[PDB]
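Structure record follows, encoded as structure tokens.
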């Protein structure tokens, strides 16, 4: 079923909104070393919290698509924006895609 | 279930709205050392107040996602914005996620 | 009861509006020493007038969250903006949180 | 009760609207020593007129919150704006607070 | 009665509109000595024409609140703006206050 | 009564609209000596035409409020704007005041 | 009758619109000697064409209010703008005044 | 009558719209000697075409109001704008004046 | 008949739209010699194509009003804008005039 | 008739829309020699494609109005814009003209 | 039939949208050699994919109108914008033309 | 058929939304070498994920249209934007094309 792909919808929405708002904060002004270092850690934890809420099939997709940062290097503002954009896009794509596809399967069933 | 995740909604809304508006203030103008210092303390205190209003699952989720500032260093303007934006995003996603997920269950219980 | 938390609603609204408008005045233009010194005193009186209108449970929350300024130092524009923002956010959070939570308890009762 | 807090509504609205519009004028352009001096006097007088229209509880509340200017010094533009904004915010909160609180009592008296 | 406070409503509106439009003219561009000298005279006549239209109770209030300029000195642009703002605010406050208070006494009478 | 204050409404509207539009023109661009000189004369003439259309009470009110320019000096741009704005404000207040006051009497004659 | 004041309404509207549009042209860009000289002549002809369409009572009013330019001098841009503004204002005042006054006499007749 | 003033409406609208749009073009950018020269000729021609479409009364009115340019001098940009704006204003007033005046007669023929 | 004036409406609209859009192109940016030379030729052909679609009466009007360029000189940007504006204005005037005049003859026929 | 003028509507719309959008592109930024050269060729080709879709009358009309570029010279940016704008204007006028003229015939066939 | 011209509508829409969005990307910022080289290749493939979806009649039209780039030269930003604009215009023209023409054939059939 | 082209709609929407939002991020600010490098990898991966969700016909269409980046060179900001914009345009056209084409078939099956 299409609906079994997201095992914990409310959690995924919760982590997703956190990520989107962090990306918005980053876009607004230049960061410094300490916050870049922090955001990197948050990014790694984020992927795991997301995976906790998704079916294995999508964990494996997410794992193919994303990549944790080298722990011996603080990534730049731009790297972090890319890492977070990917997650936001995929997450909005994820929900919008399921709802759209589901709505269409119900429209075909009424005929 | 699901509603049981937030034991004290009004309290979480209250602390959340406080954090959000402080973030708005921080964003508006440059801070000084005393302001930063004060905000670090408010941050520590606000997490503690939030955790009081959350179910254990979410306390822990918060504990995994967040990191309190080192008490022997005043964090920068950017560090504080990231800390607060994380909380705002997560809290807004928390409530939104639950309403949305509850609503999908009620509509699935119609058919 | 959720409604017992604010013992004097009209007073809390009255002091809250005062605080919000002072914050707006401060944001609009640079202050000087005499007005900063005055605002500090108003801030201390404000917390007490608020506490006078709240249940003990919330007085103690407010007391954990806030902090009166050292009387031997005039705080900066930024410190005062932080101190006032916190109060405004918490106060709007307070009312919005109670009304929202109450509205939801009544919606669950009709089922 | 509650309505008994403002003994002379129309008078308080009249003095309040005067203060508000003076604050608008002050905000618009830089003042001179004679203007500041005049405004200090208007301030003293307006509090006295307000207190005439308030119940004793509120007279005292005002007395606790406000501070008349030292008569041997002309206060600055910023000092005057803070003084007036405090009054405007408090007065707007006063009326708003009472209507809102009265309305909640009347709606609670329906059910 | 609240309605006995303004003995000549149309006159007070007529003088009030004159004053408001003069204040608007003053705000628009810098004045010179001759016009400042003229405006001062108009201001003194204005207060009297207003008083002619008000109950004694309010004449005495207006007299406590306002102050004619020293005849041996031409006041500045700013002084004149303050003097006129006070009159406009009080006058709008006056009418709005009476109408509002009256409307509320009629709403209490229907219960 | 009240309507008897303006003996010639259409005339007063006509002269008033003329004054208002001259004020708009003056405000738009800098004048020269011949223009100022001409306007001073128009001013003198317009008051005389107005007085022709007013009841005696109001003629006198106008006479108290206004001052004709010294004929041996061309007044400045600012002097002319003040002179005209006084008239416009007073005339607009005159008509507005009468309609408003008449309307309150008619509504008071309903109940 | 109020309606006898304008003997040729369509002509007065025709000359009035011409004058208003010339004033608009003048406002838009600086003129030169030849066009100023032309506009002066048009202004003198205008007053006469207007007078041709008005009752004697108003011809005499217009004649008291206006003034043809000295034929031995080309007036400035500003003078011409003043001369034309006066005519436009008076003309719009004229029609608006008659229509307004007439409408009010009919409203009094229905009672 | 009144409709008999314009013998050829569609022609007058056609020539009028041409003049108006040339005025728009002139206003948009600086002209050269050949353009000015051409426009002077168009002006002469357009008056002649207009007069063909007007009743004798109005031909004459036009003849009184207008002045053809000296053929041995190319008029300036400002001269041309004044010439054309006069015609546009007069023509728009002409049609507007007639409709308005006709309409007032028809409404007066109702009662 | 008014409707016989335009023998080929669709053609006149077709050539007219072409001319209007060329004028718009010219207004947008500076031309060069080759395009000015081209536009001149188009202008001459345009007048003829228009004339092909009009009754003789209007061909002769158009011929009185317009003028082909000297073939031994490339006209300027401004000349071409004037030449094209005239055609556009007259053409829009032409249609608008006929439709308006026709609509009015039908309104008089229904009475 | 009239509809018989365009033998291939969809083709003419297709080629017309292509020309229009190329004109939009040309207008947006400066071109180079290769771009100009290419556009000249597209121009030649597009006329040929258009003529294929038009009735003989209109082929000829186009042939009279248009001029192909000399093949041994790359035309300028301005030359190309004029060439294309001519076509767009003519084509838009073509379709518009026919619909409008057809519509007037159908409405004339009602009465 | 008009509808047989596009054998694969969904494919043509798919390739068309790709092309339009590439053109938009190119317009937004300056390209470099590698991307210009890539876009050239995409342009050649595009024409073929389009042709795959069209009737032979239109393949041949498209082939007459377009031109693949010399493989021994990387075209400029401008050339690529021209090449892509042509395709977008023609494609939008294509669909709009067929739908419009079809809609008109159905309107003629209902009479 | 037609619906059989996209075997996994929700997946294609998900990967598509990810690509689109990365393109938005790239467009917003300048990237660095690590960001570019990461994006190249994401690009390779996203095509592979897309192909998994498409029918064989479309896999191949994609394979013909796209080109993976050389792994021994980090592509530029412009190269990445072109790569991503191609995919977005194609994917949006893909879904849009299918809905539109399906809709035309269903409406053709009505009549």
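Don't worry about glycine lacking a Cβ; one is built from the backbone with ideal geometry, like all the others, and counts go over all protein chains shown. Read the figures in this text as sums done on the coordinates, not as results from a lab.
When chain G is turned onto chain F, the axis of that turn runs closest to one Cβ of chain G, and that residue with its distance in whole Å is G:28, 22.
Could you give the Stokes-Einstein D for region F:11-76 in µm² per second, using the C-alpha Kirkwood radius, 20 °C, 1.002 mPa s? Answer, rounded: 166 µm²/s. Between the Cα long axis of helix E:56-65 and the first principal axis of chain E there is an angle of about 40°, rounded to the nearest 10.
Peptide packing: for A:84-92, E:50-58, C:1-9, F:32-40, the average count of neighbouring Cβ atoms within 10 Å per residue gives the ranking A:84-92, F:32-40, E:50-58, C:1-9, highest mean first.
Taking the C-alpha atoms only, the angle from helix E:33-52 to the longest principal axis of chain E is near 20 degrees. Per-residue mean of foreign Cβ neighbours for B:21-27 is 6 (Cβ atoms of other chains, 10 Å radius). In chain F, the longest principal axis of the Cα atoms and the axis of helix F:9-28 are about 40 degrees apart. Note on F:74, F:26: ascending count of other Cβ atoms within 10 Å places them as F:74, F:26, the fewest first. Pairs of Cα atoms nearer than 8 Å and 6+ residues apart set the relative contact order; for chain F it is 42 percent. Mean partner shielding of peptide G:1-9, defined as the number of other chain Cβ atoms within 10 Å of each residue Cβ, is 2.
Using the Cα gyration tensor of the protein assembly as shown, with a ≥ b ≥ c the square roots of its eigenvalues, what is the shape: rounded (a/c below 1.5), prolate (a/b larger than b/c) or oblate (neither)? In terms of gyration-tensor shape, oblate. Which shape class, rounded, prolate or oblate, goes with chain L when its Cα gyration tensor gives a ≥ b ≥ c as root eigenvalues, a/c under 1.5 marks rounded, and past that a/b bigger than b/c marks prolate? Here chain L falls in the prolate category. Computed from label points 7 Å out along Cα-Cβ, the spacing between residue F:99 and residue K:71 is 8.2 nm.
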